[PDB]
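Just the one chain here, the form deposited in one PDB entry, laid out as structure tokens.
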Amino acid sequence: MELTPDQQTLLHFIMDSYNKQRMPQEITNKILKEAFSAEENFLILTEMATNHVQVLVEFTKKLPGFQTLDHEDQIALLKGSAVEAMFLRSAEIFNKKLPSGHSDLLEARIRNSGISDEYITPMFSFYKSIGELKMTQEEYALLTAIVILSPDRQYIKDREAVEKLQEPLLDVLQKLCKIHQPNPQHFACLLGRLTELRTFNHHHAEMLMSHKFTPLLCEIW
């Protein structure tokens, strides 16, 4: 029927950390004002990417139990979930945070930045697909926390300790789906987005092959 006091606590802590995330106004302004060319457009995206990583590192550190993990496991989680967590954040920015005029200018910059349509087309399909679900802020926060605390990233020493942090989050999300949408396939649809995000590791890897970025981007990718 409802979340236990322990599950409410976990959700509260995650929501707090999710709400403290902010895309600077300086960045939204650049989307609107900066010169329109492949080099300038690619440079704005590079800036947005660096900021997403900074925002996601700050969110991750505050996740319940993340700090109890080994420091080397903490880095493997950040490096392994980067691409996936960024797309999830960029989808929320594109679908919910930006005004309708700004989204249009951003799409125009994305499509004219040197990045292949082979990458850009499933990105926008994913954006439309996540937009269709009409996800609450709780669902975006929990999915982001679930993506980050994935126990099957490369170079994780203590996978079991990571599982113990991810599993109660999966339990909370399913319970929320039952409470908010008592549409019984809503959880399965959210899981579908998790597997859809995984395909982006492949499109990003093929893009990287063809220090044009930032030191944080070179380190995390």
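Residues carry their position along the shown sequence, with the first being 1. For clarity, a rigid core is taken as the largest C-alpha set superposing within 1.5 Å between two forms.
Q: Please say, as none, 1 to 3, 4 to 9, or 10 or more, how many residues of the deposited sequence are without coordinates in the interval between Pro182 and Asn183.
A: The entry has a short gap there, with 1 to 3 residues left out between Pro182 and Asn183.
Q: Answer with none, 1 to 3, 4 to 9, or 10 or more: how many deposited residues between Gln25 and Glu26 are not present in the coordinates.
A: Per the deposited record, the segment joining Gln25 and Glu26 has no missing residues.
Q: According to the deposited model, is the average Cα temperature factor higher in 106-114 or in 85-93?
A: Result: 106-114.
Q: Output the stretch having the higher mean C-alpha B factor in the entry; the candidates are 7-15 and 193-201.
A: If you average the C-alpha B-factors of 7-15 and of 193-201, the larger mean comes out for 193-201.
Q: Per the entry's Cα B factor values, which of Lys157, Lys62, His186, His52 stands out as the maximum?
A: Going by the entry's C-alpha B-factors, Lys157 comes out highest.
Q: Could you tell me which third, lowest, middle or highest, the C-alpha B-factor of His71 occupies within its chain?
A: As the PDB entry reports it, the C-alpha B-factor of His71 lands in the highest third of its chain.
Q: Going by the entry, which third of its chain does the Cα temperature factor of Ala35 land in?
A: Highest third, going by the recorded CA B-factors of the chain.
Q: Place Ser150 in the lowest, middle or highest third of its chain's C-alpha B-factors, as listed in the PDB entry.
A: It belongs to the lowest third of the chain when residues are ordered by C-alpha B-factor.
Q: Tell me, lowest, middle or highest third: where does the Cα B factor of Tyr140 rank within its chain?
A: For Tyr140, the deposited C-alpha B-factor lands in the lowest third.
Q: Quick check on the deposited entry: does the C-alpha B-factor of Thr46 sit in the lowest, middle or highest third of its chain?
A: For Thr46, the deposited C-alpha B-factor lands in the middle third.
As for the form deposited in another entry, it is not shown, yet the points below apply to it.
Q: With a threshold of 2 Å on the C-alpha, tell me if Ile110 counts as moved between this form and the one not shown once the core is superposed.
A: Passes the 2 Å threshold, so yes.
Q: So, superposing on the core, is the move of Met15 at the CA at least 2 angstroms between this form and the one not shown?
A: No, the C-alpha moves less than 2 Å.
Q: Is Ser150 displaced by at least 2 Å at its C-alpha between this form and the one not shown when the rigid core is overlaid?
A: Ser150: C-alpha displaced by less than 2 Å between this form and the one not shown.
Q: Where do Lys97 and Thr60 end up in the other entry, Cα atoms closer or farther than shown, with a change of 3 Å or more?
A: More distant in the other entry, by 3 Å or more.
Q: Could you tell me whether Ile14 and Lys97 have their C-alpha atoms closer or farther apart in the other entry than in the shown form, knowing the shift is 3 angstroms or more?
A: Relative to the displayed form, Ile14 and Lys97 move farther apart in the other entry - a change of at least 3 Å between their C-alphas.
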